[PDB]
């Protein structure tokens, strides 16, 4: 069925607009987003407590808040300063969270993480060369036994949203460097609410 979304000149403005909503991306108020988060957290916790976690793309901190109590240390990156601002207010009781306003394309640490969560973010990149670059970066920052928990709207949905690729395409690329340990589908009320999540292990 046909649908309507806000229309902007670039991805920065798209992000900035959602981050100015009371509930960005409806991540608090949408039962589908809550169920997605349940799956995302179930996958993240599959191996128990995390030593050094990374969250890539935090919106207003809805998932950060669910993840934080289970990581000894948590780092959170987001290309939008407004996302860091909203999320760190949400998680203020925790003293073990670090933040950086950076694009995943530009993020370079010597840090290795035993969990990287990358959900509903990689389709904002402009093309497949950027996705690969970001994926290589994520693979590089995985600890020798660590897991990567990925989630995304499907390819078709992503293409309807004006983006280049979604879940199936990224899973394919992820699989060249990493070992798939599990996956889950997540479906809501419409074609737009149809998500694939997969948990990958670093064969290392």
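Residue numbers count along the first chain shown, from 1.
- Checked against the record, the higher mean CA B factor of 54 to 62 and 32 to 40 lies with 32 to 40.
- Per the PDB record, of the two stretches 14 to 22 and 184 to 192, 184 to 192 carries the greater mean B-factor over its C-alpha atoms.
- Comparing the C-alpha B-factors of 134, 112, 88, 77 in the entry, the top value falls on 112.
- Ranked within its chain, residue 143 lands in the highest third, by CA B factor from the PDB record.
- Per-chain ranking of the deposited C-alpha B factor places residue 95 in the middle third.
- Among all modelled residues in this chain, the alpha-carbon of residue 152 has a temperature factor (C-alpha) in the lowest third.
- Among all modelled residues in its chain, residue 67 ranks in the lowest third by Cα B-factor.
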